[PDB]
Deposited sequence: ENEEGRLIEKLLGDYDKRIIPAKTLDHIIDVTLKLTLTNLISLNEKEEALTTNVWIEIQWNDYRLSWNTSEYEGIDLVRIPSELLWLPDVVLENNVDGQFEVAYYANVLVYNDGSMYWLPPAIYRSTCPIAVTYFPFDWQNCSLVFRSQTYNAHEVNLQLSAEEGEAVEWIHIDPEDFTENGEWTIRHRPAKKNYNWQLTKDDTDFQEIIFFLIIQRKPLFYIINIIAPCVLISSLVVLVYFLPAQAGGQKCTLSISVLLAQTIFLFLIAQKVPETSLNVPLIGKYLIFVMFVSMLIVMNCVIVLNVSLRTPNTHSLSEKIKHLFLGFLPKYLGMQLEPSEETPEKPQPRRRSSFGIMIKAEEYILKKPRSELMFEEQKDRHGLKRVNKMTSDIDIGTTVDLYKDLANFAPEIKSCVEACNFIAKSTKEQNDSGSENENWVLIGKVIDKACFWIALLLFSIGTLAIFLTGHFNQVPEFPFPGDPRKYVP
């Protein structure tokens, strides 16, 4: 027969899983945590939640579950379901949903010296407040806060697992099996034990283990689907200055159509940005900038059309403006002759009116050239600055600014 049966029936007989295994008064149970990251499933900006698949390793000593191997044919390791044993109530505190516990309650590995090794896998959804300032050229700093929801610092002592005498102060990632998220890349992954000094060694919240994930976005999707089309469409507003300023030129058509396309892009971006209202995202800043510039260019096109279509009758072209712009910048015979003279006079007058119209058109063209140069410079500088601020938004070199250590294996 299986000796494990006799051994386990002996161990669990007269065993109370409600009772912390503190050997005596003032004995503190050491619980060591080691987090392994299997998959970074996603980071939902709308919900401000990070979903991860982790294997959390919890180790402690339970003196009641020790045995002498010589009495059980050298058995030194048994598996007992975790629901039969006392467990330290290590839970994820900063969970968005009400899921504090692990997902699968694996068996606990129990060694003959009382050492207990529990490796339950878990799917966790933790709160990650989103820094939207540089979205989509942003990096986030998410944390997983672990603490015991039952016992305080007088009863348990949360520590980071130590391997071969060196503290494992980082999230463990197996190089081969780990798969890149596809939207996020992990730059730093430190772990440290934290204290809430506002509390005393009671309250169960005094101590905690925090695992940090400093992740950088890969903005290829946004660049290809929103940024580049938006920039190309918005740059079209500088073309209005080369269209003729009369009916059929279609200055207003082009400018207002570009503005309408930018409105469509505003609707498109409204569905991606997080709803928090502490900062304006970089992409939103750029859309506002281009919309304002397009409004200005529509105004300038309207002004140019008004200037170019002026007539001697509605407006008078004062010589000051001309200098300013075109500078620094038988009775039958009697009746027949009367008719001929009147014809010549009318033709002369019409030609003169035409000439004045052409003067106004030239003034309009000069204004077009000047405003084109101004608008090209403005648009180029604004776009370059806005999308160069994001390119220089780099993750800090160190996981903790003032800490020299790199926190890597």
Do you know which deposited regions have no coordinates at all? 330 to 409
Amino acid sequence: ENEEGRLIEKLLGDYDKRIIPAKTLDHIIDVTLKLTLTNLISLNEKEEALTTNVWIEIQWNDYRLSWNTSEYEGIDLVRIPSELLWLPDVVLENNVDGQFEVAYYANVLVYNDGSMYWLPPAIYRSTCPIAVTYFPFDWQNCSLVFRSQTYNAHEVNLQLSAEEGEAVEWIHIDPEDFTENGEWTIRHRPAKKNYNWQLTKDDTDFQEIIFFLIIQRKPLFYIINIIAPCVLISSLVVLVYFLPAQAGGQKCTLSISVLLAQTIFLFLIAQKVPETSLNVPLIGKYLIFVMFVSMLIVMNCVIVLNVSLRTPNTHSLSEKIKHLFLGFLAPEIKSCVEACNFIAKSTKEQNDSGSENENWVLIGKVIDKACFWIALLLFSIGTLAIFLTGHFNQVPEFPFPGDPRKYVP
From here on, numbers count along this sequence of modelled residues.
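Rigid core (definition): largest C-alpha set, two forms, superposition within 1.5 Å.
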Taking RMS over all structures and residues, which stretch has CA atoms farther from the shown form in 4 other deposited structures of this protein, 342 to 350 or 51 to 59, after a rigid core fit? 342 to 350
Once everything is fitted on the core, do the CA positions of 209 to 217 or those of 262 to 270 lie farther from the shown form in 4 other deposited structures of this protein? 262 to 270
Looking at the other compared entries that model residues on both sides of it, is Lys322 unmodelled in at least a third of them? no
Taking the other PDB entries of this protein that cover both neighbours, check whether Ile333 lacks coordinates in at least a third of them. yes
